């Protein structure tokens, strides 16, 4: 009863799009990210920049210290959305069982597909070739019987390559697979697991489920499952967005309420425009604000509210400012909405 799941993942997505649209960037180190003066981080980097150690989520000041000639780009999100829509239309040529996880990646369930003699290996190759033929961008892919193995597999032969895990190969693959490779196991969880002597799925296989359930809750069940190749999550295709948020980090911290309110005045019409694209009457379930301080602690306060309203967001930010700020600088202000449950 094995499913065939493909995970398709665009190579250096934002940067690949910028290089196609400006071939002068093809061989120099480039990254999409905010300037050091805007206190930015790297969204992504091309392979010439990665060679220096430049990575996603790296602070831009660190990226430039590693790669002084890094060319920093602002990002063209409509260009990326356009490429995303196109590759999702290419996925639809092969199956309707498509769960996009972000602009540049998706799960495909091709169990019931009849496109390349039921070969998921060849469907993945054909999708990657079509994407290259029609978008001049490359993609990598992973093929496995379950979601998480497919997603791990798509990383192992990038860029512009794929990797297939058959059911026969799953036990040997798992034995030495680091836990940190499992989606959902991040730095904090991996360090906790490491401090129990648990580094790989093989380690977790020698663990008692009751033990993991005590020390991790529902996460310990997931750890126990994945360590055996168990991942029953179905490819959905029905997921909908639940929130809309708009936030900005200032180049310098602000110390005065007048400055905070001015920022909100600039953020609010952007939040309204994005909400209106999906709910034109602006009806919502909750709205709220976010402050982040110069020491990097952050607070959110949100509440039931029927319709996007600027003055209530200002009032709420003023309460949060007055109450939970303690003379610190503020580096970030954000606005937030929770969408109604349709």
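Positions refer to the first chain, counted from 1.
**Report entry** 151-159 or 107-115, whichever carries the higher mean Cα B-factor
**Finding:** Mean B over CA atoms: larger for 107-115.
Requested in this report: Would you tell me which stretch averages the higher CA B-factor in the PDB entry, 189-197 or 227-235?
Outcome: Stretch with the higher mean C-alpha B-factor: 189-197.
Query raised in the report: Going by the entry, which of 242, 248, 215, 76 has the most elevated CA B factor?
Result: Reading the PDB entry, the winner on C-alpha B-factor is 215.
Query raised in the report: With respect to C-alpha B-factor, does residue 264 fall in the lowest, middle or highest third of the chain as deposited?
Result: For residue 264, the deposited C-alpha B-factor lands in the lowest third.
Query raised in the report: Lowest, middle or highest third: where is residue 5 by Cα B-factor in its chain?
Result: As the PDB entry reports it, the C-alpha B-factor of residue 5 lands in the middle third of its chain.
Query raised in the report: Would the CA B-factor of residue 170 place it in the lowest, middle or highest third of its chain?
Result: It belongs to the middle third of the chain when residues are ordered by C-alpha B-factor.
Query raised in the report: When the modelled residues of the chain are sorted by Cα temperature factor, does residue 125 land in the lowest, middle or highest third?
Result: Its C-alpha B-factor belongs to the highest third of this chain's values.
Requested in this report: Among all modelled residues of this chain, ranked by Cα B factor, put residue 146 in the bottom, middle or top third, i.e. lowest, middle or highest.
Outcome: It belongs to the lowest third of the chain when residues are ordered by C-alpha B-factor.
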